[PDB]
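Right, one structure below, let's go through it.
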Amino acid sequence: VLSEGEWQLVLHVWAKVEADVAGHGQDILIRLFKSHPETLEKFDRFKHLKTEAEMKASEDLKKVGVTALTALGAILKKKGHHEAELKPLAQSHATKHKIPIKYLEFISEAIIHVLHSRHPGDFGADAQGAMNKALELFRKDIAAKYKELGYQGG
Ligand code: HEM
C-alpha cells in the first residue's frame, strides 16, 4: 500500500519512539485526553487523575500507554501485512472497550503531534505524510474488521 520509502520513514521515526516508549505513551494519552476529553470516559481507572502531573505519575496509565504503542509498533513493522495482528485488536476495541473509529482518528492526531514535538528533525513533511498514510491504513483495515464483527464503529 505504502511505498518502501514511506515505510522506511514510518519505521525510522518509530525507532525514535522506541527509545522511550513509556514517555511517548504518556504524552500521547495526555494529549488525547486534553484535545478530546470525551475519550477519558473510556478509561475507568483514570477518572481520578485530574491534572497532567497526576497522569504522568500514574504507573497504571504509563503501562497502558506502553501496551498500546507496543501493539501499534508491531503492526507498523508488518508494513501493511497486519491482518493477524488487527483481528484481536478489532475484537477487543469494538466489543469490549467500544472505541469508535473517530477515537482512533483522535489518537492518531495525538501520535502525529507528539512525534513531531519530540522529533522534528526526523519527522518532516514527507515522514508525516507517510505516518499519516500508515495510520490511515490501520484505521481503514480495523474499520473493516469492526464491520465483520457486526459493529459499524460510528
Ligand atoms: C493506535 C491505537 C490503539 C492501539 C494500538 C491500542 C492498543 C491497546 C492494547 C494492545 C490494549 C490491551 C489489550 C486490549 O485490551 O485490547 C489496549 C487496551 C485498552 N484500550 Fe487501546 N489501543 C488504541 C487506541 C485506543 C483508544 C483511542 C481508546 C479510547 C479512547 C482505547 C481504549 C482502551 C481501553 C479502555 C483499554 C483497556 C485498558 C486497561 O484497562 O488496561 N484504545 N489498547
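Position 1 is the first residue of the sequence, and the numbers go up from there. Whatever order the structure lists ligands and atoms in, that order sets their numbers, starting from 1. Below, each value reflects all heavy atoms present in this structure, side chains not excepted, and no hydrogens, waters or symmetry copies.
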Notebook entry, point to check: Would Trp7 and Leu9 show up in the same hydrophobic cluster when neighbours are defined by side-chain heavy atoms closer than 4.5 Å?
Noted result: no

Check: Which word best sums up how the rings of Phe33 and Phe43 line up, parallel for under 30°, tilted for 30 to 60°, or perpendicular for over 60°?
Finding: perpendicular

For the pair [X] (side chain) and [Y] (backbone), establish whether a donor and an acceptor sit closer than 3.5 Å, ignoring hydrogens and angles.
{"X": "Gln128", "Y": "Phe123", "result": "yes"}
{"X": "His24", "Y": "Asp20", "result": "yes"}
{"X": "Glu6", "Y": "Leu2", "result": "no"}
{"X": "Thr95", "Y": "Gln91", "result": "yes"}
{"X": "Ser58", "Y": "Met55", "result": "no"}

Next item on the list: Return the option from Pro100, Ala71, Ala110 holding the heavy atom at the smallest distance from atom 10 (C) of ligand 1.
Entry: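 Ranked by closest heavy atom to atom 10 (C) of ligand 1, first place is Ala71.
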
Note to self: Among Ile107, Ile111, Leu32, which one puts a heavy atom closest to atom 2 (C) of ligand 1?
What the structure shows: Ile107

Hey, which atoms in ligand 1 end up nearer than 4.0 Å to a heavy atom of [X]?
{"X": "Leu104", "value": "24 (C)"}
{"X": "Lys42", "value": "35 (C)"}
{"X": "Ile99", "value": "26 (C), 28 (C), 29 (C), 31 (C), 32 (C)"}
{"X": "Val64", "value": "41 (O)"}
{"X": "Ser92", "value": "14 (C), 15 (O), 16 (O)"}
{"X": "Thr67", "value": "9 (C), 10 (C), 11 (C), 12 (C)"}

Note to self: Test side chain to side chain donor-acceptor pair (under 3.5 Å) on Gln26 and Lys62; report intermediate values, then the result.
What the structure shows: CA-CA 6 Å; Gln26 291 169 309; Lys62 183 174 53 173; over 6 Å; no

Please state which part of [X] comes within less than 4.0 Å of ligand 1, counting heavy atoms only: side chain, backbone, both or neither.
{"X": "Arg45", "value": "side chain"}
{"X": "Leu89", "value": "side chain"}
{"X": "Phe106", "value": "neither"}

